[PDB]
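Asks: experimental structure and its sequence below.
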Amino acid sequence: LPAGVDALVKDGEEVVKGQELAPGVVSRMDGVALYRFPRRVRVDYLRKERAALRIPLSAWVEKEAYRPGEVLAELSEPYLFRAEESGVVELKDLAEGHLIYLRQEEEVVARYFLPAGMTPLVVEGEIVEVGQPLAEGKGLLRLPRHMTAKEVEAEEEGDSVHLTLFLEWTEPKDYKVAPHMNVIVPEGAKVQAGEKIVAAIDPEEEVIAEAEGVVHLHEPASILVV
Amino acid sequence: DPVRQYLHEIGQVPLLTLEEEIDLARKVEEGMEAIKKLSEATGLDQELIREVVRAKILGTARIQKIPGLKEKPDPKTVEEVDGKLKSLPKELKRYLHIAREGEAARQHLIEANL
């Protein structure tokens, strides 16, 4: 198969006669196909944060486990997300949503989460203070589909309820292999933080995981079933 | 016909581009160093277990059975080397396959450049 062509079926998977393995690839037999010299490997890293979220209870959906797409609260009327800390902000765009890093001087004084559709009212690294409308929801605002919220934290002052969260998401990145390279780790495998992925000529071209991730093989030079 | 013979035999197996080539050479060297690695496992010379790979690879009974009336027979000077390193943990038993695949890849690259 020519460059750019990706194999639909995953590595080490049963393939029926005639079944497509790619746009122009048509299997001629029943067996298990294997990737040969994958020309690209996409690794999605895992990133965790304990964010603080503040939303009025009147509209809040009370849920311990928020999965991707799980609808986060309601927000009857558009609600300003009020700052509980003064310092230097920051904006981490999380897919549909965002994240605020509030830091006095260097270290952070707190961690903040913005659900999908809850928009940032402050520039990254901008001068801000407490009691300040950091974000705003227009209502609705479900959890992002690339991120899971484990381990909810329940606390309430009355009207606007403050819940801390345990956030686990992913940040995918691609690595295009070269002829001087060869895949080491197998397809679909849990990968240690900071480990060799694809062995190369010089140790430089060698792929070294930036964080605890997962490995995925894509668009190999060729594939064959046996 | 012997003339056409070899030509049609090698014309059966294709060539190798940079990808396959570099890979194959890497496989071979990995098998070699794997042998040197296992050369300290039981204390066997890097050349010894090296040919011991041949016993199950490019023929079973045909590599050592007739290099003359005497050589390194399968039961005597071979079998005690085949079932010796045969009991070693993961960190050893893996280099076995590294040497298997390296040894095969050698012959492969050869056939490719034939």
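Replies: Cool, the structure landed. Numbers count the residues shown, from 1 in each chain, chains lettered A, B, ... in the order given.
Asks: which residue is nearest the middle of the chain?
Replies: All of this is about chain A. Nearest to the mean C-alpha position of chain A, counting by Cα atoms, centre = their mean, stands residue A:170 at 2.2 Å.
Asks: the chain in question should be chain B.
Replies: residue B:103 (3.3 Å).
Asks: chain B versus residue A:200, what's the distance?
Replies: 10 Å (Cβ to the nearest Cβ, to the nearest Å). Where C-beta positions appear, they are placed from N, C-alpha and C, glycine not excepted.
Asks: report the beta-bridge partners for that residue.
Replies: Beta-bridge pairing for residue A:200 (DSSP bridges): residue A:181.
Asks: can you count the residues close to the one residue in chain A that gets nearest to chain B?
Replies: Proximity of chain A to chain B (Cβ to the nearest Cβ) peaks at residue A:179, 4.6 Å away. Neighbour count for residue A:179, taken as other Cβ atoms under 10 Å in any protein chain shown: 17.
Asks: run me through the strand neighbours of the longest strand that chain A contains, direction for each.
Replies: Determined from DSSP state E, the single longest strand within chain A is strand A:31-49. Using DSSP bridges, the strands paired with strand A:31-49 are strand A:13-15 (antiparallel), strand A:160-176 (antiparallel), strand A:213-225 (antiparallel).
Asks: surely the residue nearest to the centre of chain B is in a strand?
Replies: No. Assigned with DSSP: H, G, I helix; E, B strand; the rest coil, residue B:103 falls outside any strand and is helix.
Asks: and residue 43, how many neighbours?
Replies: Looking at chain A here, since you left the chain open. Other residues within reach of residue A:43, judged by other Cβ under 10 Å, total 21.
Asks: to clarify, I was referring to chain B.
Replies: 8.
Asks: ok, the closest residue to residue A:127 other than its chain neighbours - contacts?
Replies: Excluding the flanking residues, the one nearest residue A:127 by Cβ to Cβ, 6 or more residues apart in numbering or on different chains is residue A:88, at 7.3 Å. Applying Cβ atoms under 8 Å, 6 or more residues apart in numbering or on different chains, we find residue A:88 in contact with A:102-105, A:125-128.
Asks: who are the packing partners of the helix or strand following the longest strand of chain A?
Replies: Of the helices and strands lying after strand A:31-49 in sequence (DSSP states H and E), the nearest is strand A:52-56. Contacts defined by 3 or more Cβ pairs under 8 Å, 6 or more residues apart in numbering or on different chains; DSSP states H and E place strand A:52-56 against strand A:79-82, strand A:108-114, strand A:160-176.
Asks: between strand A:52-56 and strand A:108-114, how many degrees?
Replies: 50 degrees (axes from the mean of the first three to the mean of the last three Cα atoms, to 10 degrees).
Asks: tell me the buried residues in strand A:52-56?
Replies: By 16 or more other Cβ atoms under 10 Å in any protein chain shown, the buried positions in strand A:52-56 come out as A:52-56.
Asks: with just CA atoms, put it into PDB.
Replies: Coordinates of the C-alpha atoms in strand A:52-56 are reproduced here as PDB (Å, rounded to 0.1, in the frame of the first residue of the first chain):
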ATOM      1  CA  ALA A  52     -11.900  23.200  41.400                       C
ATOM      2  CA  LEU A  53     -15.300  23.800  39.900                       C
ATOM      3  CA  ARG A  54     -17.900  26.200  41.200                       C
ATOM      4  CA  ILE A  55     -21.500  26.000  39.900                       C
ATOM      5  CA  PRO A  56     -24.900  26.900  41.400                       C
END
